[PDB]
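Before any questions on how it binds or moves, here is one chain, the form deposited in one PDB entry, in structure tokens.
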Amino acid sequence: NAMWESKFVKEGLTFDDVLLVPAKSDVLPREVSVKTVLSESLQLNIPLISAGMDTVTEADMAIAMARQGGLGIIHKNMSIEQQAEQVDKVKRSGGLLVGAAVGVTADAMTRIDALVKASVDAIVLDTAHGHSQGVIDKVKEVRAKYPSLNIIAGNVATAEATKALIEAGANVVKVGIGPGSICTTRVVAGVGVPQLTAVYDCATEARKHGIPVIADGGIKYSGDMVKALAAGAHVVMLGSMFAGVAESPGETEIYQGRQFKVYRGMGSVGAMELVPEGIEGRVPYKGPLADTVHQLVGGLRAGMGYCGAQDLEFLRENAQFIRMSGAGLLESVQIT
């Protein structure tokens, strides 16, 4: 009963537990490189990805997002004809990078072939529990058929889970069980892993093979995104921070004179229409997408200025965190 013993040993860290420690710097924030590479085929100018959710990313979002340096993932709560159409639309809008989300359905192989012929750069094979034989075998089918296609599998929270996917044929791994804003996995199932600890553990596995890791969910401030990138992620993925953007799908509701967008989990009652592990909410209208990106990539250049990082690689390997108490982060006057 070795297992009985290790039940409560492991320990986890979230974004609010740590801070990056400043180091010797001779590179200015405006001078750094926030560029990143997921593969030969996938090169990003800014390490940002919009989430494959029906309230975050359609063709307009992926186009806006591509034009910024990043990448959008067309959600799959759509007919196959429609998704390939939106993919083909983004692709021909200047030869932009687009990604698309595929379920681990029976139909998935059919959906993937439509997306490949519409010329997607990367498909996202995402499910709630990416450490399942269903997903492993599914990746190996897709990899057998398309040995050059960028595959992003998830979701995973552990290194053994990460290893299983890399060997199945995954060249990018997506991290996060529990942490998303609209996520209720932990409340309803008791399951999940602190996102910083998740990213670090998974990155430590992927680092050996040289595979990029996506941090997905739980990000609220540019700060948390700098932390995700220094914890080992190549790239972060946002839902709530883009849902209120002008280029996301769906229109602007007005309630009491204030502008709002709907943001909901893909496993909430709406996106499904087996208990729900997603919820439905509203987010404030944030206007143009460029506004949100400028702030995020600005904050990133500051953090990398503090850490002495010229590029994201220097950041991932050398950056040092410091742990604190909860008392600690109340240290981060009524405001106008």
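Heads up, when I say rigid core I mean the largest set of C-alphas that superpose within 1.5 Å between the two forms. Start at 1 with the first residue shown and count on from there.
Beyond the structure shown, there is the form deposited in another entry, which is absent from this document and is the topic of what follows.
- Only one of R111, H131, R143, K163 has its C-alpha shifted by 2 Å or more between this form and the one not shown once the core is superposed, and that residue is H131.
- With the core held fixed between this form and the one not shown, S222 has its Cα displaced by under 2 Å.
- Core-superposed comparison between this form and the one not shown: the CA of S181 exceeds or equals a 2 Å shift.
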